[PDB]
Amino acid sequence: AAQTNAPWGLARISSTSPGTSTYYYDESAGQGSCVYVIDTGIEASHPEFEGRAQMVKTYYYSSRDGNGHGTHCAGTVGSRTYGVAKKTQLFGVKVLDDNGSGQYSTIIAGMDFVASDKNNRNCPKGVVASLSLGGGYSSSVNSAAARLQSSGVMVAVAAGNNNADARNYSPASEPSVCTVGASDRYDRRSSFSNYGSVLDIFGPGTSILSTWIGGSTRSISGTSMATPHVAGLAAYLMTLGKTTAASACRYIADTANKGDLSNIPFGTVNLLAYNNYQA
Amino acid sequence: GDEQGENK
């Protein structure tokens, strides 16, 4: 399959040389898998979700996305004109607030929920969980990410936007989950992407077009936008039979493009997410 | 909640 004139992020992933504008993916497009987006929620009625995105839990007075961030990530994961896994199932877990923030005590509650809510759903091809949120250590948050991973969910989290070593930021520093860094269009590490040895893989994160609230779209940047990219890939590969949730992140890094990125500190992996598609 | 659109 091939989506022409696509968002560079999607293109860069089904390509081996940057500067290309086509996304080549297997028609299966992640059908049969699930991706819980733990953010500010998803605007589930957005036409791009084709009725495949649904809210599932909230921790605030309302359940809808009145910020946009969450929807934007949910879109990159699996939305018709912008997502990696275009036929996946998206579940919304609102742990953040409309101003973008949220207490660790409840971020944790959110991760514990996906761990068991996954057991009542029908996702034969595996479950992925995207966490485009973070903060700045907490042995408790890391710990929750790990539990989530232990139960059989591929956890993908953001490295952070402080242009610092990710080891001081919690979701990121947990070794068991997949910590995503951000790269920009000229194969350069985004100016703001956290690095370090805890990082696992790099994904498109600067100037990423995606869906927004009010049935709209818009470009924004950050390791936030990179996380759903590999979350999408993780699901895409999982329904394809290539990897299992427990071992996905390792497969993604084993099969990634090596040494194509620049401005990568010594000690940080130089790997870009990549789906290995061949007609 | 990481970053930048109308915002986090």
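Everything that follows concerns the structure shown earlier in this document.
In short, a report on the structure. (Residues numbered from 1 in each chain as written, not as in the entry; some residues may be left out. Chains lettered and ligands numbered in written order. Heavy atoms only, no water.)

Another point: the nonpolar core. Residue and element names in this part refer to chain A. Formed by 42 residues in total, the largest nonpolar core has its most connected members in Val 35, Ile 42, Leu 90, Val 128, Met 154, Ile 201 and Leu 233. Looking at this core, the elements that each hand over two or more residues are α1 (8-13), β3 (34-39), β4 (53-57), α2 (69-78), β7 (153-158), β8 (178-184), α5 (223-240) and α6 (248-254). Per-element accounting of this core gives the leading share, 9 residues, to α5. Beyond its immediate chain neighbours, meaning those up to four positions away, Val 35 contacts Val 77, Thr 88, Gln 89, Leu 90, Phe 91, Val 128 and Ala 235. (Core = buried A, V, L, I, M, F, W, Y, C linked by side-chain atoms within 4.5 Å. Buried < 20%, exposed > 50% of the residue type's maximum accessible area, 1.4 Å probe, protein only. Helix = DSSP H or I, 4+ residues; strand = E, 2+ residues; numbered from the N terminus. Contact = heavy atoms within 4.5 Å.)

This part is about the pairing of β8 of chain A. The two faces of the sheet receive side chains in turn, since in a regular strand these alternate between them. Residue and element names in this part refer to chain A. Along β8, 7 of the 7 residues are buried, which leaves the element largely enclosed by surrounding structure. The alternating pattern of β8 places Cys 178, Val 180, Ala 182 and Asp 184 on one face and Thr 179, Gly 181 and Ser 183 on the opposite face, and all of these are buried. Where β7 meets β8, 3 bridges bridge the pair, whose relative direction is parallel. When the sheet's bridge partners are listed, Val 157 is paired in β8 with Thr 179. Both β8 and strand β10 (residues 201-204) contribute to a ladder of 4 bridges, which runs parallel. Residue pairing across strands places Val 180 opposite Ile 201, the latter belonging to β10. Examined bridge by bridge, β8 and strand β9 (residues 188-189) share 2 bridges and lie antiparallel to one another. The residue bridging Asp 184 from the neighbouring strand is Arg 188, located in β9. In textbook terms, the turn of a hairpin is the stretch between consecutive antiparallel strands, and for β8 and β9 this stretch comprises 3 residues, one of which, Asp 187, has a positive phi near 55°. (Pairing = 2+ DSSP bridges.)

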